[PDB]
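Shown next: run36.txt, given as compact mmCIF, C-alpha atoms and all ligand atoms.
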```txt
# COMPACT_ATOMS: atom_id res chain seq x y z
CA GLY A 58 0.00 0.00 0.00
CA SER A 59 1.60 3.23 -1.21
CA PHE A 60 -1.11 5.68 -0.13
CA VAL A 61 -1.15 5.18 3.63
CA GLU A 62 -2.22 8.76 4.27
CA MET A 63 -5.56 8.11 2.57
CA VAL A 64 -6.21 4.56 3.78
CA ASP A 65 -9.07 4.36 6.27
CA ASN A 66 -10.19 7.95 5.61
CA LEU A 67 -13.87 7.02 5.23
CA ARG A 68 -16.66 6.55 7.76
CA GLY A 69 -20.29 5.55 7.37
CA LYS A 70 -22.38 2.66 6.09
CA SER A 71 -24.47 1.67 3.05
CA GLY A 72 -27.79 2.95 4.36
CA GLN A 73 -26.67 6.48 5.21
CA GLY A 74 -23.61 6.81 3.00
CA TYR A 75 -19.83 6.93 3.25
CA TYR A 76 -18.16 10.26 3.92
CA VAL A 77 -14.70 11.81 3.95
CA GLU A 78 -13.51 14.80 5.97
CA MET A 79 -12.89 18.01 4.00
CA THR A 80 -12.14 21.63 4.82
CA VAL A 81 -13.59 24.68 3.09
CA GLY A 82 -12.58 28.31 3.46
CA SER A 83 -9.84 30.34 5.14
CA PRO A 84 -9.34 29.66 7.91
CA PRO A 85 -10.40 26.07 7.20
CA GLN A 86 -13.89 24.95 8.23
CA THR A 87 -14.02 21.18 8.75
CA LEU A 88 -16.99 19.26 7.30
CA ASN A 89 -17.94 15.62 6.70
CA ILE A 90 -18.78 15.08 3.06
CA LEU A 91 -20.72 12.27 1.36
CA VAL A 92 -18.64 10.51 -1.33
CA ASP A 93 -21.01 10.32 -4.30
CA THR A 94 -20.01 8.84 -7.66
CA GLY A 95 -23.59 9.35 -8.89
CA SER A 96 -23.57 13.17 -9.01
CA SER A 97 -21.27 16.01 -10.01
CA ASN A 98 -21.75 18.88 -7.55
CA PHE A 99 -19.74 19.75 -4.47
CA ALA A 100 -22.51 21.07 -2.19
CA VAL A 101 -22.46 21.77 1.52
CA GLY A 102 -24.97 22.78 4.17
CA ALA A 103 -24.58 26.55 4.55
CA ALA A 104 -27.44 27.33 6.94
CA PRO A 105 -28.99 25.95 10.16
CA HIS A 106 -30.76 22.59 9.80
CA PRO A 107 -32.21 20.19 12.43
CA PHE A 108 -29.85 17.45 11.18
CA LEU A 109 -26.66 19.52 10.94
CA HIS A 110 -24.50 20.31 13.96
CA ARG A 111 -22.22 22.35 11.70
CA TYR A 112 -22.31 24.10 8.35
CA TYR A 113 -20.29 26.26 5.94
CA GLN A 114 -20.14 29.90 7.04
CA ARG A 115 -19.22 31.98 4.02
CA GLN A 116 -18.92 35.19 5.98
CA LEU A 117 -16.08 33.67 8.00
CA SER A 118 -13.98 32.75 4.95
CA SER A 119 -11.57 35.35 3.58
CA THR A 120 -11.21 33.34 0.38
CA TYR A 121 -14.94 33.05 -0.29
CA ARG A 122 -16.02 34.25 -3.76
CA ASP A 123 -19.70 34.71 -4.59
CA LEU A 124 -20.78 33.61 -8.10
CA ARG A 125 -24.10 35.51 -7.79
CA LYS A 126 -25.92 32.47 -9.17
CA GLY A 127 -28.47 30.11 -7.67
CA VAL A 128 -28.69 26.35 -8.11
CA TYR A 129 -31.75 24.10 -7.86
CA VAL A 130 -31.42 20.33 -7.53
CA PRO A 131 -34.64 18.27 -7.24
CA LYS A 136 -34.25 18.41 -3.15
CA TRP A 137 -31.71 21.06 -2.21
CA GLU A 138 -31.39 24.71 -3.21
CA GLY A 139 -28.22 26.74 -2.93
CA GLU A 140 -25.99 29.65 -3.82
CA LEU A 141 -22.93 29.15 -6.03
CA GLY A 142 -19.45 30.38 -5.14
CA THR A 143 -15.83 29.19 -4.98
CA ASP A 144 -13.43 28.88 -2.08
CA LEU A 145 -10.27 26.99 -1.07
CA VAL A 146 -10.83 23.29 -0.40
CA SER A 147 -8.64 20.58 1.14
CA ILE A 148 -8.93 16.92 2.17
CA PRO A 149 -7.01 16.41 5.46
CA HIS A 150 -6.58 12.68 4.89
CA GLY A 151 -5.89 12.99 1.20
CA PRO A 152 -3.39 14.52 -1.21
CA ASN A 153 -1.52 17.39 0.41
CA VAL A 154 -2.93 20.04 -1.90
CA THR A 155 -5.42 22.90 -1.67
CA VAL A 156 -7.57 23.79 -4.65
CA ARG A 157 -10.06 26.47 -5.52
CA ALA A 158 -13.35 24.80 -6.27
CA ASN A 159 -16.96 25.52 -6.96
CA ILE A 160 -19.11 25.15 -3.86
CA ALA A 161 -22.90 25.17 -3.81
CA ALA A 162 -23.89 26.63 -0.45
CA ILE A 163 -27.11 24.84 0.52
CA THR A 164 -29.62 27.29 1.98
CA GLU A 165 -32.78 25.17 1.69
CA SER A 166 -33.31 21.42 1.53
CA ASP A 167 -36.12 18.87 1.66
CA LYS A 168 -35.38 15.26 2.62
CA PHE A 169 -31.71 15.78 1.70
CA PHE A 170 -29.87 15.65 5.03
CA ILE A 171 -30.15 12.33 6.87
CA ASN A 172 -30.53 12.50 10.64
CA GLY A 173 -27.49 10.81 12.19
CA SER A 174 -25.50 10.31 8.96
CA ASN A 175 -22.89 12.67 10.42
CA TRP A 176 -22.33 14.25 6.96
CA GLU A 177 -22.95 17.92 6.11
CA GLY A 178 -22.40 17.97 2.37
CA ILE A 179 -21.94 15.92 -0.77
CA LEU A 180 -18.93 15.43 -3.07
CA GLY A 181 -20.16 14.66 -6.59
CA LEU A 182 -17.39 12.73 -8.30
CA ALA A 183 -19.02 12.15 -11.68
CA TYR A 184 -18.61 14.24 -14.84
CA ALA A 185 -19.55 17.82 -15.69
CA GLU A 186 -22.17 16.61 -18.15
CA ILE A 187 -24.53 16.01 -15.22
CA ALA A 188 -23.47 18.96 -13.07
CA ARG A 189 -26.16 21.51 -12.09
CA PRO A 190 -27.13 24.11 -13.30
CA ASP A 191 -25.22 22.93 -16.37
CA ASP A 192 -21.92 21.50 -17.57
CA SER A 193 -20.09 24.81 -17.21
CA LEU A 194 -19.89 24.37 -13.42
CA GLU A 195 -16.57 22.53 -13.13
CA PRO A 196 -16.75 19.46 -10.80
CA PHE A 197 -14.41 19.27 -7.81
CA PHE A 198 -12.27 16.46 -9.13
CA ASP A 199 -11.78 18.27 -12.46
CA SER A 200 -10.55 21.32 -10.54
CA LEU A 201 -8.28 19.12 -8.44
CA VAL A 202 -6.60 17.61 -11.50
CA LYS A 203 -6.33 20.85 -13.44
CA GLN A 204 -4.76 22.72 -10.51
CA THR A 205 -2.36 20.09 -9.16
CA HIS A 206 -0.23 17.14 -10.23
CA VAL A 207 -2.76 14.63 -8.85
CA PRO A 208 -3.32 11.77 -11.35
CA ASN A 209 -6.79 11.80 -12.93
CA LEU A 210 -7.91 8.71 -11.01
CA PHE A 211 -9.45 7.81 -7.65
CA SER A 212 -10.32 4.50 -6.04
CA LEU A 213 -12.92 3.47 -3.46
CA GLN A 214 -12.93 0.72 -0.84
CA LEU A 215 -16.32 0.91 0.91
CA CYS A 216 -16.33 -1.32 3.99
CA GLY A 217 -19.62 -2.69 5.31
CA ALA A 218 -19.26 -4.10 8.83
CA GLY A 219 -21.53 -7.10 8.21
CA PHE A 220 -23.51 -6.20 11.32
CA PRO A 221 -25.42 -3.17 12.72
CA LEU A 222 -23.33 -0.21 13.90
CA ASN A 223 -24.94 1.91 16.62
CA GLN A 224 -24.67 5.70 16.71
CA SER A 225 -21.43 5.61 18.71
CA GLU A 226 -19.96 2.67 16.86
CA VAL A 227 -20.41 4.16 13.41
CA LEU A 228 -18.58 7.29 14.58
CA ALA A 229 -15.61 5.31 15.87
CA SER A 230 -15.45 2.76 13.06
CA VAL A 231 -13.35 2.93 9.89
CA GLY A 232 -15.72 2.67 6.93
CA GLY A 233 -13.21 2.41 4.13
CA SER A 234 -10.79 4.28 1.93
CA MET A 235 -10.92 6.91 -0.77
CA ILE A 236 -7.52 6.99 -2.46
CA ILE A 237 -7.23 10.19 -4.48
CA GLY A 238 -4.92 9.90 -7.47
CA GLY A 239 -3.92 6.28 -7.10
CA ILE A 240 -4.46 2.60 -6.44
CA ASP A 241 -3.44 1.15 -3.10
CA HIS A 242 -2.60 -2.56 -3.33
CA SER A 243 -3.34 -3.37 0.32
CA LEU A 244 -7.03 -2.75 -0.29
CA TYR A 245 -7.70 -5.74 -2.52
CA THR A 246 -6.76 -9.34 -3.22
CA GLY A 247 -6.39 -11.02 -6.58
CA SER A 248 -6.45 -9.15 -9.86
CA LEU A 249 -7.98 -5.91 -11.09
CA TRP A 250 -10.32 -6.25 -14.08
CA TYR A 251 -11.35 -3.23 -16.12
CA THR A 252 -14.62 -2.44 -17.87
CA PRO A 253 -14.93 0.56 -20.26
CA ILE A 254 -16.59 3.75 -19.08
CA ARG A 255 -19.24 3.80 -21.85
CA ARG A 256 -19.77 7.55 -21.73
CA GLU A 257 -18.48 10.28 -19.42
CA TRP A 258 -21.51 11.64 -17.54
CA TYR A 259 -22.44 9.15 -14.84
CA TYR A 260 -19.88 6.37 -14.44
CA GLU A 261 -21.71 4.31 -17.05
CA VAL A 262 -20.83 0.67 -17.74
CA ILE A 263 -22.31 -2.24 -19.71
CA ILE A 264 -23.46 -5.53 -18.14
CA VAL A 265 -23.40 -8.36 -20.70
CA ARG A 266 -24.55 -11.37 -18.65
CA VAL A 267 -26.23 -12.04 -15.30
CA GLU A 268 -26.14 -15.31 -13.28
CA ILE A 269 -27.82 -16.35 -10.02
CA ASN A 270 -25.78 -19.29 -8.63
CA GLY A 271 -24.28 -19.89 -12.05
CA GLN A 272 -27.70 -19.97 -13.71
CA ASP A 273 -28.00 -17.56 -16.63
CA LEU A 274 -30.89 -15.14 -16.08
CA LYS A 275 -31.10 -15.46 -19.89
CA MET A 276 -32.59 -12.04 -20.71
CA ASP A 277 -31.77 -9.95 -23.81
CA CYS A 278 -28.67 -8.18 -22.46
CA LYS A 279 -30.08 -4.76 -23.41
CA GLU A 280 -32.55 -5.37 -20.59
CA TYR A 281 -29.67 -5.20 -18.14
CA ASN A 282 -28.65 -1.72 -19.26
CA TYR A 283 -32.11 -0.21 -19.82
CA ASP A 284 -31.75 2.70 -19.98
CA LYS A 285 -28.24 2.74 -18.51
CA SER A 286 -26.04 0.98 -15.91
CA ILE A 287 -24.03 3.11 -13.48
CA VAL A 288 -21.73 2.74 -10.46
CA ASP A 289 -23.18 4.94 -7.71
CA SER A 290 -21.81 5.18 -4.15
CA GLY A 291 -24.68 7.57 -3.31
CA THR A 292 -27.30 4.84 -3.72
CA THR A 293 -27.59 2.12 -1.07
CA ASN A 294 -29.01 -0.77 -3.07
CA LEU A 295 -28.24 -2.76 -6.16
CA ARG A 296 -31.05 -1.36 -8.31
CA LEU A 297 -32.26 -3.24 -11.39
CA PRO A 298 -34.55 -2.30 -14.34
CA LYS A 299 -38.11 -3.43 -13.57
CA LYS A 300 -38.09 -6.54 -15.79
CA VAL A 301 -34.62 -7.59 -14.66
CA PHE A 302 -35.63 -7.06 -11.03
CA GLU A 303 -38.65 -9.28 -11.52
CA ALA A 304 -36.58 -12.04 -13.14
CA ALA A 305 -33.76 -11.79 -10.60
CA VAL A 306 -36.11 -11.95 -7.63
CA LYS A 307 -37.89 -14.94 -9.11
CA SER A 308 -34.55 -16.72 -9.43
CA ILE A 309 -33.32 -15.67 -5.99
CA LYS A 310 -36.59 -16.92 -4.47
CA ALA A 311 -36.21 -20.24 -6.28
CA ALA A 312 -32.62 -20.67 -5.10
CA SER A 313 -33.59 -19.86 -1.50
CA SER A 314 -36.90 -21.77 -1.57
CA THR A 315 -36.08 -23.93 1.45
CA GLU A 316 -37.23 -20.87 3.41
CA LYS A 317 -40.27 -18.71 2.71
CA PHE A 318 -39.93 -14.94 3.05
CA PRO A 319 -42.85 -12.46 3.11
CA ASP A 320 -43.51 -10.20 0.12
CA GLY A 321 -42.50 -7.23 2.27
CA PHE A 322 -38.99 -8.66 2.44
CA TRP A 323 -38.59 -8.96 -1.29
CA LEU A 324 -39.92 -5.40 -1.63
CA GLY A 325 -36.97 -4.23 0.45
CA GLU A 326 -39.38 -2.85 3.04
CA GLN A 327 -39.29 -5.27 5.95
CA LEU A 328 -36.46 -6.85 7.84
CA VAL A 329 -36.06 -10.58 8.41
CA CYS A 330 -34.34 -11.84 11.53
CA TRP A 331 -32.54 -14.97 12.71
CA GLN A 332 -31.35 -16.08 16.13
CA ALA A 333 -27.85 -14.64 16.71
CA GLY A 334 -25.27 -16.25 14.44
CA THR A 335 -27.71 -18.52 12.59
CA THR A 336 -28.26 -16.49 9.42
CA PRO A 337 -28.61 -19.14 6.66
CA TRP A 338 -26.18 -17.57 4.20
CA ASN A 339 -25.82 -20.82 2.28
CA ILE A 340 -29.45 -21.00 1.16
CA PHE A 341 -29.05 -17.65 -0.62
CA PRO A 342 -27.42 -17.61 -4.07
CA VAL A 343 -24.39 -15.67 -5.23
CA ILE A 344 -25.06 -13.10 -7.96
CA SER A 345 -22.64 -12.64 -10.86
CA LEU A 346 -22.58 -9.58 -13.09
CA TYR A 347 -20.54 -9.91 -16.29
CA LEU A 348 -19.06 -6.64 -17.45
CA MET A 349 -17.72 -5.76 -20.91
CA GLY A 350 -13.94 -6.17 -20.83
CA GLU A 351 -11.31 -4.05 -22.55
CA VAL A 352 -10.57 -6.77 -25.09
CA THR A 353 -12.96 -7.33 -27.99
CA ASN A 354 -15.43 -10.16 -27.30
CA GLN A 355 -14.04 -10.54 -23.77
CA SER A 356 -15.81 -10.03 -20.43
CA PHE A 357 -15.11 -10.61 -16.74
CA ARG A 358 -17.46 -11.17 -13.84
CA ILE A 359 -17.88 -9.76 -10.36
CA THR A 360 -19.68 -12.08 -7.93
CA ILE A 361 -21.36 -10.91 -4.77
CA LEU A 362 -22.63 -12.85 -1.80
CA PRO A 363 -25.77 -12.50 0.23
CA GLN A 364 -23.45 -10.90 2.80
CA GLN A 365 -23.47 -7.98 0.36
CA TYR A 366 -27.08 -7.92 -0.86
CA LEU A 367 -28.65 -8.47 2.61
CA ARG A 368 -28.09 -5.21 4.52
CA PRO A 369 -27.57 -5.45 8.32
CA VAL A 370 -30.20 -3.52 10.28
CA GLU A 371 -30.83 -3.27 14.01
CA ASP A 372 -33.90 -5.21 15.14
CA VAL A 373 -36.88 -2.99 15.99
CA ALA A 374 -36.53 -4.64 19.41
CA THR A 375 -32.75 -4.15 19.60
CA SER A 376 -32.72 -7.85 20.52
CA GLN A 377 -29.81 -10.19 19.91
CA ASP A 378 -31.10 -11.43 16.55
CA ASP A 379 -29.15 -10.78 13.36
CA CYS A 380 -31.55 -8.88 11.06
CA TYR A 381 -31.31 -7.67 7.46
CA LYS A 382 -33.21 -5.95 4.68
CA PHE A 383 -33.11 -7.21 1.09
CA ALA A 384 -30.85 -4.62 -0.62
CA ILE A 385 -31.89 -5.20 -4.22
CA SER A 386 -34.71 -3.06 -5.58
CA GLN A 387 -36.38 -2.06 -8.83
CA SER A 388 -35.40 0.91 -10.91
CA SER A 389 -37.12 2.91 -13.64
CA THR A 390 -33.80 4.63 -14.41
CA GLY A 391 -31.52 1.69 -15.22
CA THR A 392 -29.13 -0.49 -13.25
CA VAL A 393 -27.48 1.13 -10.25
CA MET A 394 -24.52 -0.59 -8.60
CA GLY A 395 -24.94 1.04 -5.23
CA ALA A 396 -23.00 0.85 -2.00
CA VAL A 397 -23.96 -2.70 -1.08
CA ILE A 398 -22.40 -3.94 -4.30
CA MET A 399 -19.39 -1.67 -3.95
CA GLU A 400 -18.77 -3.11 -0.46
CA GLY A 401 -17.62 -6.35 -2.01
CA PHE A 402 -14.99 -4.71 -4.18
CA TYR A 403 -12.12 -2.28 -4.43
CA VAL A 404 -13.35 -0.04 -7.27
CA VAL A 405 -10.93 2.01 -9.41
CA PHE A 406 -12.36 5.01 -11.27
CA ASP A 407 -9.66 5.40 -13.90
CA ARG A 408 -10.76 8.65 -15.50
CA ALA A 409 -7.52 8.98 -17.46
CA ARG A 410 -8.02 5.66 -19.23
CA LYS A 411 -11.81 5.91 -19.23
CA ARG A 412 -12.25 2.59 -17.46
CA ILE A 413 -13.49 1.28 -14.10
CA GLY A 414 -11.57 -1.47 -12.35
CA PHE A 415 -12.89 -4.11 -9.95
CA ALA A 416 -11.03 -6.35 -7.52
CA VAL A 417 -12.16 -8.39 -4.51
CA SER A 418 -12.15 -6.10 -1.47
CA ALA A 419 -9.83 -6.84 1.43
CA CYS A 420 -12.77 -5.80 3.64
CA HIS A 421 -15.73 -7.60 2.03
CA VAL A 422 -17.86 -9.65 4.43
CA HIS A 423 -18.03 -13.38 3.71
CA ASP A 424 -18.19 -16.81 5.39
CA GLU A 425 -15.83 -19.80 5.54
CA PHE A 426 -17.37 -21.37 2.45
CA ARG A 427 -17.77 -18.55 -0.08
CA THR A 428 -16.04 -15.31 -1.02
CA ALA A 429 -16.82 -12.46 -3.38
CA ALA A 430 -14.93 -12.82 -6.66
CA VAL A 431 -13.67 -10.94 -9.72
CA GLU A 432 -12.84 -13.44 -12.45
CA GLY A 433 -12.00 -13.58 -16.12
CA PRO A 434 -11.72 -13.69 -19.00
CA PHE A 435 -14.86 -15.09 -20.62
CA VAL A 436 -15.62 -15.18 -24.33
CA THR A 437 -18.65 -12.94 -24.93
CA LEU A 438 -20.11 -11.89 -28.30
CA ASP A 439 -21.87 -8.72 -29.50
CA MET A 440 -21.39 -6.90 -26.21
CA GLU A 441 -21.80 -3.51 -27.92
CA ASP A 442 -25.39 -4.54 -28.53
CA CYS A 443 -26.00 -4.72 -24.80
CA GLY A 444 -25.84 -0.95 -24.57
CA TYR A 445 -29.11 0.96 -24.74
CA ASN A 446 -29.85 3.78 -27.18
CA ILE A 447 -32.86 6.05 -26.61
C1 LIG B 1 -26.85 8.45 0.94
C2 LIG B 1 -27.81 7.28 0.82
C3 LIG B 1 -29.26 7.72 0.93
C4 LIG B 1 -30.20 6.53 1.14
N1 LIG B 1 -29.90 5.46 0.20
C5 LIG B 1 -30.56 5.43 -0.98
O1 LIG B 1 -30.37 4.56 -1.83
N2 LIG B 1 -31.45 6.43 -1.16
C6 LIG B 1 -32.19 6.46 -2.42
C7 LIG B 1 -31.40 7.11 -3.53
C8 LIG B 1 -31.88 7.08 -4.88
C9 LIG B 1 -31.13 7.70 -5.92
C10 LIG B 1 -29.90 8.35 -5.63
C11 LIG B 1 -29.10 9.01 -6.74
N3 LIG B 1 -28.45 10.24 -6.29
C12 LIG B 1 -27.13 10.41 -6.07
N4 LIG B 1 -26.24 9.43 -6.27
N5 LIG B 1 -26.79 11.65 -5.65
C13 LIG B 1 -28.03 12.41 -5.57
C14 LIG B 1 -28.05 13.56 -6.60
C15 LIG B 1 -28.31 12.87 -4.14
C16 LIG B 1 -28.35 11.72 -3.13
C17 LIG B 1 -26.95 11.31 -2.67
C18 LIG B 1 -29.26 12.04 -1.95
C19 LIG B 1 -29.08 11.39 -6.02
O2 LIG B 1 -30.29 11.61 -6.10
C20 LIG B 1 -29.42 8.37 -4.29
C21 LIG B 1 -30.17 7.76 -3.24
```
If you convert what's in this file into structure tokens, what do you get?
Amino acid sequence: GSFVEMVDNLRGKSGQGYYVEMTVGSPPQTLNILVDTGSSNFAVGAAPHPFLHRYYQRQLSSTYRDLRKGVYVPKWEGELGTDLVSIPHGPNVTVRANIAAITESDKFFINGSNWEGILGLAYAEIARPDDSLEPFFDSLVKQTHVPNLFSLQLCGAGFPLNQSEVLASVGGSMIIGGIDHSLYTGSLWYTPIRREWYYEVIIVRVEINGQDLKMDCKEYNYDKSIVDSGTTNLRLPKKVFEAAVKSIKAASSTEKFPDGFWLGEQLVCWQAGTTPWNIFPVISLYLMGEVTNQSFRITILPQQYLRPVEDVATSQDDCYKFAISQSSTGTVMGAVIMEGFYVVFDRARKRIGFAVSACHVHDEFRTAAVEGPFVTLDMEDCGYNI
């Protein structure tokens, strides 16, 4: 591991998000910021809010610059400006970046998440108000010698973290500008970034316990497939969700679960330590490789797709919610999927790499996997075109 200063710089969990500490302004104002690969704005609470115990105070920053422009994101509303920004446990550089000062929000801030802002790591094409508002990471690369690449190791604990535990627990690593080899095992496999807006990829095959879901592969990427640390669940296009759940139910049929469970609404609980991991199937997603007609697969365990939640009775049972849900906006590889892997966002080579995470939760019989190569034909046809 060559980036020790950035290792273990994240805190949080799949349900409320993973955040990194940042400073804004002069003198520096410390804030916890949500790491979000599904958006492109750097936005921070800038006014009192029931869920914020701190916020950005523009009038206290000598380096604050007002852009005299508003921003609306449906929801949070803010005022645009720029100021000096740093990441304490990151590259030792300070950059001037766009900052949306959030003055009004509805259902944005999560009570107890411990984060006061969001760091949108995706491309300018999806930045608000428009693509002229340069994203933080673009500013970082243009102003310093930091390589145009970042990598994420999101670490789920595999069990419920209480309010004090989640504050004292290491939730992972965001390595800015590099790849740290201590964060993964095995090999890194790269899939093309299809287009630079969201981190868009193409899924070419889906298996549940080795059984091909057998759908037209365009179904898997309807209308797009993205990697999004700001989303908790693995989200799947309606028809793919329906087929995947049918197959997961069939594989786990030795136990009957209520419809509320499959809807991701209700928790299921087992006596402490008796969770029947083995009756649940592994899920494999085949991703387009960098070599023509070649793919690789990432395989996740139920330890990833069943999200630990504290029993409504705080009892000693191990409880979980089904963390796979339907989408009307395409496939979303959210935090529960990212928890199984070390994910490399190689902006410079327009590719995303996957490797088994050194912190993924597993059991003595099965482990998450990243394997390849596999011969796969017509993968360009798996992409969706409006
Ligand atoms: C931080 C986790 C919140 C709870 N877990 C979810 O799964 N909640 C649903 C959900 C649906 C879609 C998105 C996509 N998404 C983002 N990735 N970023 C924004 C622009 C803002 C987000 C971060 C609030 C957004 O709407 C994000 C979250």
One decimal place gives the CA of residue 117 (chain A)-CA of residue 79 (chain A) separation as 16.5 Å
May I ask you to write as a list in words all residues lying at most 7 Å from ligand LIG 1 (chain B), with all atoms listed in the file counted?
-> residues 71, 72, 73, 74, 93, 94, 95, 96, 169, 289, 290, 291, 292, 293 and 294 of chain A
Dump as a compact mmCIF listing (two decimals), keeping the file's coordinate frame, selection limited to C-alpha atoms:
```txt
# COMPACT_ATOMS: atom_id res chain seq x y z
CA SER A 71 -24.47 1.67 3.05
CA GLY A 72 -27.79 2.95 4.36
CA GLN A 73 -26.67 6.48 5.21
CA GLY A 74 -23.61 6.81 3.00
CA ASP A 93 -21.01 10.32 -4.30
CA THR A 94 -20.01 8.84 -7.66
CA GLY A 95 -23.59 9.35 -8.89
CA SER A 96 -23.57 13.17 -9.01
CA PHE A 169 -31.71 15.78 1.70
CA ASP A 289 -23.18 4.94 -7.71
CA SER A 290 -21.81 5.18 -4.15
CA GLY A 291 -24.68 7.57 -3.31
CA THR A 292 -27.30 4.84 -3.72
CA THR A 293 -27.59 2.12 -1.07
CA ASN A 294 -29.01 -0.77 -3.07
```
For residue 153 (chain A), which residue among A:194, A:207, A:374, A:88 is the nearest when counting all atoms listed in the file?
->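 Closest to residue 153 (chain A), using all atoms listed in the file: A:207.
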Kindly give the distance, in Å, that separates CA of residue 440 (chain A) and CA of residue 343 (chain A), rounded to a single decimal.
->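 These two atoms are separated by 22.9 Å.
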Which is closer to residue 168 (chain A) than all the others in A:148, A:243, A:106, A:250, using all atoms listed in the file?
-> A:106
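CA of residue 331 (chain A) lies 5.4 Å from CA of residue 379 (chain A).
Between residue 378 (chain A) and the candidates A:313, A:354, A:332, A:248, the tightest atom-to-atom separation, counting only C-alpha atoms, involves A:332.
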